[PDB]
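Down below is the structure, laid out as structure tokens.
2 protein chains.
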Amino acid sequence: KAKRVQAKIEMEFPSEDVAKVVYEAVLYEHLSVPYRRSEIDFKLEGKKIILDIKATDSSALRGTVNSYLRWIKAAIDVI
Amino acid sequence: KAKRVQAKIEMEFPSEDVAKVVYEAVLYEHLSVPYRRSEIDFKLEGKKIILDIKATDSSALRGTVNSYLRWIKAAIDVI
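From first to last, the protein sequence lines are chains A and B.
So that you can map any letter, position 61 of the first sequence is 62 in the deposited numbering, and since no number is skipped, the others follow by simple counting.
So that you can map any letter, position 48 of the second sequence is 49 in the deposited numbering, and since no number is skipped, the others follow by simple counting.
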């Protein structure tokens, strides 16, 4: 019985060409997944990586935040 | 190499008094656990709940949601 739900993550990194890097690859596995759950407007601008999300509900979200915070570490791993 | 990582969350609920129950459960659970890592600012204000989370890294950020989102979703099921 949970209604409208929204999440926002920012992250800090060493080089912009290391935020460029982390942001720009997590993107290719985000474009490579149609049928997402449930709403996203990821974006890098500096050395921050910005993640804003939405979920029909409490868990339409949690498993997705998981999904991408690993994917974001999975990206830190090759660096 | 993820320097500081932060997620602000907001949940809107049926009754400004059905959310008051969840706060209280979770808050209890967030507080029947001193030594609680990493950083959590739990504030019920209105029909909305705002879970502020500051962490050491993506991973820190990550698991300090699951157990806490899965607490919220727990409170939800005793109603």
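Every residue, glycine too, gets a C-beta built ideally from N, C-alpha and C.
Beta carbon of residue i nearer than 8 Å to that of residue j
| i | j | result |
| --- | --- | --- |
| residue 14/A | residue 3/B | yes |
| residue 27/B | residue 61/B | no |
| residue 38/B | residue 67/A | no |
| residue 74/A | residue 59/B | yes |
Three-state secondary structure (DSSP) of residue i
| i | result |
| --- | --- |
| residue 75/A | helix |
Rounded separation between residue i and residue j - CA only
| i | j | result |
| --- | --- | --- |
| residue 40/A | residue 70/B | 18 Å |
| residue 46/A | residue 80/A | 20 Å |
| residue 34/B | residue 55/B | 17 Å |
| residue 31/B | residue 53/B | 13 Å |
| residue 20/B | residue 72/B | 13 Å |
| residue 12/B | residue 8/A | 9 Å |
| residue 16/A | residue 5/B | 14 Å |
| residue 29/B | residue 29/A | 41 Å |
Proximity test, residue i beta-carbon vs the ligand FAD heavy atom, cut-off 7 Å
| i | result |
| --- | --- |
| residue 44/B | Questions concerning the ligand FAD fall outside what the structure shown contains, since it holds no ligand whatsoever. |
When the options are compared against residue i, the one with the closest alpha-carbon
| i | options | result |
| --- | --- | --- |
| residue 10/A | 33/A, 24/A, 30/A and 59/A | 24/A |
| residue 18/A | 59/A, 50/A and 58/A | 50/A |
| residue 78/A | 22/A, 7/A, 8/A and 6/A | 22/A |
| residue 36/B | 12/B, 65/B and 8/B | 65/B |
Task: Runs of alpha helix (DSSP H) wholly within the segment 8 to 79 of chain B (minimum 4 residues, chain order) - done: 20 to 32 and 59 to 76
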